[PDB]
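Take a look at this one chain, the form deposited in one PDB entry, written out in structure tokens.
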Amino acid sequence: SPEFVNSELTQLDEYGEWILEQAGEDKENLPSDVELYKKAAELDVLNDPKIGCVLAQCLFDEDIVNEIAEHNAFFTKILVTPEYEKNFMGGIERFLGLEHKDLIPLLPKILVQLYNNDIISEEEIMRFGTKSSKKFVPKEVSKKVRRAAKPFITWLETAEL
């Protein structure tokens, strides 16, 4: 069951696995944002931009649209550079593309939530919706997921009682 030898990747894995185990199948027992931050500090993963990727894969389920805007202060404290945001988008890509393909149609609404709450920058959303990448998922999976962003990307591009 456990990893036997420690690494930066095993620390990320241990953080994600702790979230998953704590949270339950319906994310009904998610640790509080205070607990999520303190555990990240304990496991020494705050300084790793890939923490964004882990969080995006562990916090959410089919109710992602309703959940993704419920951690604003936490994301301001965690996603401390654009590389953390890029990795968060990669985690969304893995979440939608690999194990929850039925949720891919939610991508534009997910982007609307991230945009309206300034969780992810316009630049990072544009990057995600205009390029495919092999970095987070296989190329064909990347194309499938990112193509679903198109209506929001088009909206971004063309954007008294």
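Numbers for residues come from their place in the sequence shown, where the first is 1.
Not on display, but discussed next: the form solved in complex with a partner chain.
Using a 4.5 angstroms threshold between heavy atoms, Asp118 counts as touching the partner chain in the bound PDB entry. The shortest heavy atom separation between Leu106 and the partner chain in the bound PDB entry is within 4.5 Å. The closest heavy atom approach of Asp33 to the partner chain in the bound PDB entry falls within 4.5 Å.
Contact annotation for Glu62: none of its heavy atoms lies within 4.5 Å of the partner chain in the bound PDB entry.
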